[PDB]
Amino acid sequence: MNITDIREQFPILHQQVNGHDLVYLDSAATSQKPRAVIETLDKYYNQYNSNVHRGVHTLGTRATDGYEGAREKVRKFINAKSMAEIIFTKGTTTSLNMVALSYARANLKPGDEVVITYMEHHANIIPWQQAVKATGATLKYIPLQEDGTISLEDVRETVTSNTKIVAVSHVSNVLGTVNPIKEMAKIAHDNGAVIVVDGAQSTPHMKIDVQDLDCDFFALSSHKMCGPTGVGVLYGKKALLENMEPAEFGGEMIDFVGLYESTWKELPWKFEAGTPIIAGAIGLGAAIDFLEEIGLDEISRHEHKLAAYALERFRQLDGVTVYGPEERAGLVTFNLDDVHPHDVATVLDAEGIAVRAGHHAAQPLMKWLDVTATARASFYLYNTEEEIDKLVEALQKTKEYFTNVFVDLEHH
């Protein structure tokens, strides 16, 4: 993996902000795109845009072959058995809501449990809150260990023979924890439950094999993995999808339409109502081709290297707290002892560096961490150790600067 030649493919990295070279360390909020993806959307709209799944005219055939061709690329990318298990959606959030609406709301009764964890993103909390309220079921939380991991003993304790759904992140967007999904799926199935995996922050960064994980549902977003905004996937085991009703209704997902009653198409199109996200899905197939050509294992080793370098260099700073475990994905959430993380983020942007400050869509986790907000630097396949050095040098200067501001006002 040559990081110079990879960075050359991402036009947006080559610019200055506030007079300094951009240092983009916010890929956990969204990733940047290589030319191969942007030029895929260009070539679609410049040469073969048309509506799909009619194939009476030549451009229509080419658009349809692009769109279903991309569905096959996703199937092979996550090792699904069939394209029937691959649904294109607008993003992870919509994919999880479809499961909560079509699966959970059809299958929960009073006394049933949905089990989640305290580290979940809101996309994998609020749909379950709503589904259990709609059905009179109960929502339970798997507790965390002190370093922000999950122990399988806690899983076994929380999940019971009344659990019907366990929903959990593959990778935490805040702690960087990689959760033991494969062993949790075994525990769910032993108790009679399905497991719903929020793979938004694992898919961009490491190989996904849904046959090895044995997850019942898996959700991911294109915009975090070098692909266009506005598109995502829901994977579900074919036997579950076949029994779920659609979450949305319209043209394209019907077979017969009478005045009062309609029948649906087969999978996957039963779950794709209306003209689909044609360009975006073709662009996501290009992003997959791009990542596969570098190699997901190479990208994960690069990210492990950056994350171990970041953790070490953060330990060199005084007065900085890092949250979560030592073994982790490519991100670091942290606070400076005496500075609000929003002020940290503002000062860093003045030195060209882009990070995030806030709750990162994990309010229950911030409460668990006993903080009201954090800052987060996150890394991807275009980032380098020199960019981490710029980060830690700017945090040091931030620390000194706010110290000096304090001291002047002290004197005053």
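Residues carry their position along the shown sequence, with the first being 1.
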item: Segment of higher mean CA temperature factor, 215 to 223 or 338 to 346; value: 338 to 346
item: Which of 45 to 53 and 366 to 374 has higher mean CA B factor, as the PDB entry lists it; value: 366 to 374
item: Which of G274, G258, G236, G230 ranks first by CA B-factor in the deposited coordinates; value: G258
item: Highest-ranked of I187, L306, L96, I288 once sorted by CA temperature factor in the record; value: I187
item: Ranked C-alpha temperature factor of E312 among modelled chain residues, by third; value: middle
item: Record-listed C-alpha B factor of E120: chain third; value: middle
item: Relative C-alpha B-factor of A137, binned into the chain's lowest, middle or highest third; value: highest
item: Chain thirds of CA B-factor: placement of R356; value: highest
item: Among modelled residues of the same chain, the CA temperature factor third for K182; value: highest
